[PDB]
$ cat structure-v7.cif   # mmCIF, C-alpha atoms
data_query
loop_
_atom_site.group_PDB
_atom_site.id
_atom_site.type_symbol
_atom_site.label_atom_id
_atom_site.label_comp_id
_atom_site.auth_asym_id
_atom_site.auth_seq_id
_atom_site.Cartn_x
_atom_site.Cartn_y
_atom_site.Cartn_z
ATOM 1 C CA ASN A 1 3.222 -7.395 -0.897
ATOM 2 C CA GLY A 2 3.234 -7.321 -4.775
ATOM 3 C CA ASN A 3 4.198 -3.589 -4.926
ATOM 4 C CA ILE A 4 5.138 -1.432 -7.971
ATOM 5 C CA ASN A 5 8.685 -0.166 -7.181
ATOM 6 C CA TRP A 6 8.113 3.555 -7.905
ATOM 7 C CA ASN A 7 11.470 4.372 -9.607
ATOM 8 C CA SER A 8 9.913 3.215 -12.984
ATOM 9 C CA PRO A 9 10.074 6.131 -15.540
ATOM 10 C CA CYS A 10 6.999 8.434 -15.992
ATOM 11 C CA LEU A 11 4.895 6.177 -13.650
ATOM 12 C CA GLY A 12 7.225 7.676 -10.942
ATOM 13 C CA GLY A 13 6.203 11.129 -12.334
ATOM 14 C CA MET A 14 2.537 10.243 -11.441
ATOM 15 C CA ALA A 15 3.559 8.493 -8.135
ATOM 16 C CA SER A 16 4.799 12.057 -7.135
ATOM 17 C CA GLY A 17 3.373 15.569 -6.380
ATOM 18 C CA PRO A 18 0.303 16.519 -4.214
ATOM 19 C CA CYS A 19 -1.522 13.381 -5.425
ATOM 20 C CA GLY A 20 1.368 10.866 -5.475
ATOM 21 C CA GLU A 21 -0.264 8.686 -2.785
ATOM 22 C CA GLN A 22 -3.499 8.571 -4.864
ATOM 23 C CA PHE A 23 -1.369 6.966 -7.628
ATOM 24 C CA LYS A 24 0.295 4.632 -5.033
ATOM 25 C CA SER A 25 -3.115 3.698 -3.590
ATOM 26 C CA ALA A 26 -4.932 3.344 -6.974
ATOM 27 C CA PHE A 27 -2.244 1.377 -8.888
ATOM 28 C CA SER A 28 -1.477 -0.885 -5.857
ATOM 29 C CA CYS A 29 -5.267 -1.506 -5.302
ATOM 30 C CA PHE A 30 -5.401 -2.537 -9.021
ATOM 31 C CA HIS A 31 -2.156 -4.670 -8.945
ATOM 32 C CA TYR A 32 -3.437 -6.484 -5.799
ATOM 33 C CA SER A 33 -6.713 -7.282 -7.746
ATOM 34 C CA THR A 34 -6.035 -8.114 -11.492
ATOM 35 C CA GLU A 35 -9.820 -8.832 -11.986
ATOM 36 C CA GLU A 36 -10.569 -7.466 -15.517
ATOM 37 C CA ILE A 37 -10.212 -3.619 -15.579
ATOM 38 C CA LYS A 38 -7.808 -1.051 -13.946
ATOM 39 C CA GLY A 39 -9.341 -0.790 -10.428
ATOM 40 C CA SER A 40 -12.796 -2.443 -11.083
ATOM 41 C CA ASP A 41 -13.008 -2.984 -7.227
ATOM 42 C CA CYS A 42 -10.984 0.171 -6.313
ATOM 43 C CA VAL A 43 -12.714 3.068 -8.099
ATOM 44 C CA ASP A 44 -12.638 5.442 -5.055
ATOM 45 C CA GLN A 45 -8.756 5.559 -5.200
ATOM 46 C CA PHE A 46 -8.772 6.455 -8.944
ATOM 47 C CA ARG A 47 -11.654 8.900 -8.247
ATOM 48 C CA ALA A 48 -9.457 10.523 -5.557
ATOM 49 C CA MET A 49 -6.602 10.682 -8.135
ATOM 50 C CA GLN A 50 -8.952 12.590 -10.521
ATOM 51 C CA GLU A 51 -10.359 14.722 -7.586
ATOM 52 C CA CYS A 52 -6.759 15.590 -6.627
ATOM 53 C CA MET A 53 -5.180 16.085 -10.111
ATOM 54 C CA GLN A 54 -8.164 18.183 -11.343
ATOM 55 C CA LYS A 55 -6.841 20.821 -8.840
ATOM 56 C CA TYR A 56 -3.270 20.635 -10.153
ATOM 57 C CA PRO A 57 -2.356 20.791 -13.891
ATOM 58 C CA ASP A 58 1.493 21.120 -13.931
ATOM 59 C CA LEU A 59 2.280 22.151 -10.381
ATOM 60 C CA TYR A 60 4.812 19.454 -9.259
ATOM 61 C CA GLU B 61 14.387 2.588 -23.312
ATOM 62 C CA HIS B 62 11.513 5.139 -23.600
ATOM 63 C CA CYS B 63 9.643 6.671 -20.579
ATOM 64 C CA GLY B 64 6.191 5.317 -19.493
ATOM 65 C CA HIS B 65 5.181 2.120 -21.409
ATOM 66 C CA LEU B 66 1.832 1.909 -19.421
ATOM 67 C CA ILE B 67 1.442 5.745 -19.018
ATOM 68 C CA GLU B 68 -1.177 6.446 -21.751
ATOM 69 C CA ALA B 69 -3.282 3.680 -20.132
ATOM 70 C CA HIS B 70 -2.645 5.360 -16.682
ATOM 71 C CA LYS B 71 -3.893 8.817 -17.934
ATOM 72 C CA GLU B 72 -6.699 7.510 -20.172
ATOM 73 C CA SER B 73 -8.053 4.969 -17.608
ATOM 74 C CA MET B 74 -8.194 7.725 -14.925
ATOM 75 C CA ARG B 75 -9.985 9.950 -17.550
ATOM 76 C CA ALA B 76 -12.403 7.126 -18.558
ATOM 77 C CA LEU B 77 -13.201 6.478 -14.834
ATOM 78 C CA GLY B 78 -13.400 10.320 -14.458
ATOM 79 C CA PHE B 79 -16.329 10.164 -16.978
ATOM 80 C CA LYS B 80 -17.830 6.785 -15.815
ATOM 81 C CA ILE B 81 -18.078 7.260 -11.957
#

$ encode --input "structure-v7.cif" --output "structure tokens"
Amino acid sequence: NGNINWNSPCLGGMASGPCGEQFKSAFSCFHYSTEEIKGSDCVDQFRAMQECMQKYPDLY
Amino acid sequence: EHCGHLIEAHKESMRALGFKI
């Protein structure tokens, strides 16, 4: 797999809430890649994380 | 240890992509 293990402090606080899966999906898509930039091949997951968290400031 | 050693890069990369895409 190569997964994150989501108990890690403050990363776990983004891997949570309404948009937690957008963090799971974005940061796993990046960690599976390691090309050059955070999600250079994955931008739709990080875009969904913006598109989700732009609804929710401090809600979770 | 402190909380979130990659967390500014989490927030600021999703902001930078929030401007770029």

$ closest_atom_pairs --input "structure-v7.cif" --of "chain B" --to "chain A" --cutoff "8 Å" --atoms "only C-alpha atoms" --output "tab-separated table"
residue	atom	partner	partner_atom	distance
B:63	CA	A:9	CA	5.1
B:64	CA	A:10	CA	4.8
B:66	CA	A:11	CA	7.8
B:67	CA	A:11	CA	6.4
B:73	CA	A:38	CA	7.1
B:74	CA	A:46	CA	6.1
B:75	CA	A:50	CA	7.6
B:77	CA	A:47	CA	7.2
B:78	CA	A:50	CA	6.4
B:81	CA	A:47	CA	7.6

$ atom_distance --input "structure-v7.cif" --atom1 "CA of residue 71 (chain B)" --atom2 "CA of residue 57 (chain A)"
12.7 Å

$ atom_distance --input "structure-v7.cif" --atom1 "CA of residue 25 (chain A)" --atom2 "CA of residue 62 (chain B)"
24.8 Å

$ atom_distance --input "structure-v7.cif" --atom1 "CA of residue 1 (chain A)" --atom2 "CA of residue 32 (chain A)"
8.3 Å

$ closest_residue --input "structure-v7.cif" --among "A:16, A:22, A:33, A:3" --to "residue 58 (chain A)" --atoms "all atoms listed in the file"
A:16
